[PDB]
Amino acid sequence: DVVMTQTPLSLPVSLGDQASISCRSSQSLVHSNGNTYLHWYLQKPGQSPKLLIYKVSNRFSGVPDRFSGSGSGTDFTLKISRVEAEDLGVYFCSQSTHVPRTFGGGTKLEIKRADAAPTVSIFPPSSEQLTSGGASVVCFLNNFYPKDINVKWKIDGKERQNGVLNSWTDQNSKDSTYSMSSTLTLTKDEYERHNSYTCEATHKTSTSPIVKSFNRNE
Amino acid sequence: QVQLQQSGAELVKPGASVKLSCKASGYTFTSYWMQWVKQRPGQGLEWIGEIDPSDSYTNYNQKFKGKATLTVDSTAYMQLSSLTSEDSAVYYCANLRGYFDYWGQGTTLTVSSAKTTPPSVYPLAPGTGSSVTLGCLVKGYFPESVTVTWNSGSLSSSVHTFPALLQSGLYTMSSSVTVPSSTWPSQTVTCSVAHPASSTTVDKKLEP
Ligand SMILES: Nc1nc2c(ncn2[C@@H]2O[C@H](COP(=O)(O)OP(=O)(O)O)[C@@H](O)[C@H]2O)c(=O)[nH]1
Ligand SMILES: [Zn+2]
């Protein structure tokens, strides 16, 4: 088992710029037949890996020349001459010189773009859910950058920490932004005992928190 | 076009066994060896083994010698045995030879004693602006995954699918779509939720 070691683990890089991912192996990857079987793959979220470079520097069908590979023995580099917004994903180096075949740990390509404010939307529980005695109030904080953001739920001005579920999307390949949904779940009973529900977000793009509330009188 | 068709999901009880399939199209099945790779959330991939369709000769990685067995014919199969929570992962069949490199879609393997549970779908409509964001909350299902599409997937430009979280031993996720404010509610948008594990397909129409 040949250990493949990738560096760095994550790589923030702006569109247009150059990017290089490194990969070291525990043993030389040169086969007794002269060839060096070091390859490179890209895996986009929810998809299977896709081959870019095989045998150090050859490109797979349709792969563009912005991608070049280089290296020798145990050290290898994958270079992207100029980064597009579609390059984001995880990159793995793999070897098939030695049995068993081994993959690296991956390097996540993160696109650095301009700061963007999240557009928040607040949704009250649906009649259909109330009917079952449950009540989830939801908050979407869409299309923002950086990923760093804070959300506080407030009921009649009182902060609620328990019962909130937070989920973030991977960086969007379309505009390099992130989205997040924060769900506060209550009983139908507790929901009915109050008036205004507030979703408060704290992001570096705003001095004051970005706020979204609804009062039960719609 | 070369195409490797795999399953999708599998729920199995601990200690049980299982057998995944891989249909090979678009090429001479017999010309290349069939590989199997495993991948769990923490991205790292691990090679399991390979089989030669021509003579059905086999080669396995030691760590899976005592877990998997491969068979063939244009289909290739891999069987796992004595499943545990660690065995929960995505499994891939693939032809990995230089420039002939083709992967299957991967079969998700969930080992759980848990009961297959259908999702409840609730529409999220606002309680002002140039754009209006609508949503659908898909709560309480098992196992993963679910597929939310809008207007049968013809509305795909401004969609956000949020990853599922475990809530009370049952999954919950939401999906959102943003449309011109002048188009809703005049035109209706509907989220379609598919949970194949429970052979479910629910549609939710968004109304004010
Ligand atoms: N170890 C190893 N050998 C390979 C691999 N693929 C092909 N070979 C073999 O290495 C030799 C040369 O084949 P290949 O590298 O495919 O092409 P060539 O170097 O351009 O002739 C033969 O023994 C092949 O069967 C691979 O990924 N790893
Ligand atoms: Zn109150």
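If you read the sequences in order, they're chains A and B.
Residue numbers for the first sequence, in my numbering: -16 to 201.
Residue numbers for the second sequence, in my numbering: 6 to 213.
Positions of the beta carbon are idealized from the N, C-alpha and C atoms, including for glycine.
Checklist line | Backbone CA spacing between A/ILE105 and B/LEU171 [nearest angstrom] | finding: Within the first sequence, the letter at position 122 stands for residue 105 of chain A. Within the second sequence, the letter at position 166 stands for residue 171 of chain B. Cα to Cα, A/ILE105 sits roughly 22 Å from B/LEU171.
Note to self: Can you tell me where the alpha helix (DSSP H) holding A/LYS171 begins and where it ends?
What the structure shows: Along the first sequence, read from residue 1 onward, the residue named residue 171 of chain A stands at position 188. 171 to 175 is the span of the alpha helix (DSSP H), which, as asked, contains A/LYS171.
Check: Among A/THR90, A/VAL82 and A/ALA99, which has the Cα closest to the Cα of A/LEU25?
Finding: Start at 1 with the first residue of the first sequence, and residue 25 of chain A comes out as number 42. Cα-wise, what sits closest to A/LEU25 is A/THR90.
Note to self: By the three-class DSSP mapping on this structure, what secondary structure does residue 268 of chain B have?
What the structure shows: Since the first residue shown for chain B is 6 and the last is 213, residue 268 of chain B is missing from the structure and cannot be characterised.
Checklist line | At least three beta-carbon pairs within less than 8 Å, the stretch 147 to 163 of chain A to the stretch 189 to 196 of chain A | finding: no
Check: Counting pairs of beta carbons, one from the stretch 92 to 106 of chain B and one from the stretch 31 to 41 of chain A, are three or more of them closer than 8 Å?
Finding: yes
Note to self: Using a Cβ-Cβ distance cut-off of 8 Å, determine whether A/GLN10 contacts chain B.
What the structure shows: Numbered from its first residue, the first sequence carries residue 10 of chain A at position 27. No, A/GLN10 does not count as interfacial toward chain B.
Check: From B/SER162, B/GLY140 and B/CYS27, pick the residue whose C-alpha is nearest to that of B/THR195; which is it?
Finding: If you number the second sequence from 1, residue 195 of chain B lands on position 190. It is B/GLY140.
Check: Taking only beta-carbon atoms, is B/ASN66 less than 8 Å away from chain A?
Finding: Numbered from its first residue, the second sequence carries residue 66 of chain B at position 61. Yes - at least one Cβ of chain A is within 8 Å of the one on B/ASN66.
Notebook entry, point to check: Starting from A/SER110 and walking both ways along the alpha helix (DSSP H), at which residues does that stretch end?
Noted result: Position 127 of the first sequence, counting from 1, holds the residue named residue 110 of chain A. 110 to 113 is the extent of the alpha helix (DSSP H) around A/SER110.
Check: Can you find a CB in chain B that lies within less than 8 Å of the CB of A/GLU111?
Finding: In the first sequence, the residue the question calls residue 111 of chain A occupies position 128. Interface residue, yes.
Notebook entry, point to check: Would you say B/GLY54 and B/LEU25 are within 8 Å of each other, going by their C-beta atoms?
Noted result: For the purposes of this step, residue 54 of chain B is identified with residue 49 of the second sequence, where counting begins at 1. For the purposes of this step, residue 25 of chain B is identified with residue 20 of the second sequence, where counting begins at 1. Cβ distance not < 8 Å, so B/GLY54 and B/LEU25 don't count as in contact.
Note to self: I'd like to know whether the C-beta of B/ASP106 is nearer than 8 Å to at least one C-beta of chain A.
What the structure shows: On the second sequence, residue 106 of chain B is found 101 positions in, with the first residue counted as 1. Yes, contact with chain A.
Next item on the list: Assign B/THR35 to one of three DSSP states: helix, strand, or coil.
Entry: Here residue 35 of chain B refers to the residue found at position 30 of the second sequence. It is helical.
Next item on the list: Say whether chain B places a C-beta atom closer than 8 Å to the C-beta of A/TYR128.
Entry: Indexing the first sequence from 1 puts residue 128 of chain A at position 145. Not one chain B Cβ lies under 8 Å of A/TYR128.
Notebook entry, point to check: Taking a cut of 9 Å between CB atoms, which residues from the stretch 59 to 88 of chain A lie near chain B?
Noted result: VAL73, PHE75, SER77, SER79, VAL82, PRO83, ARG84, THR85, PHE86, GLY87 and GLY88
Check: Run through DSSP, which three-state label would B/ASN66 get?
Finding: Here residue 66 of chain B refers to the residue found at position 61 when the second sequence is read from its first residue. Here B/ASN66 sits in coil by DSSP.
Checklist line | Where B/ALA202 sits in the DSSP three-state scheme | finding: Position 197 of the second sequence, counted from the first residue, corresponds to residue 202 of chain B. B/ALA202 falls in the helix class under three-state DSSP.
Notebook entry, point to check: What are the start and end residues of the beta strand (DSSP E) that includes B/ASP106?
Noted result: Taking the second sequence and counting its residues from 1, the one referred to as residue 106 of chain B is at position 101. First-last of the beta strand (DSSP E) with B/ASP106: 105 to 108.
Check: What residues sit near ligand 4, counting only those whose C-beta is closer than 5 Å to one of its heavy atoms, in chain order?
Finding: In the structure shown, ligand 4 is absent; the only ligands present are ligand 1 and ligand 2.
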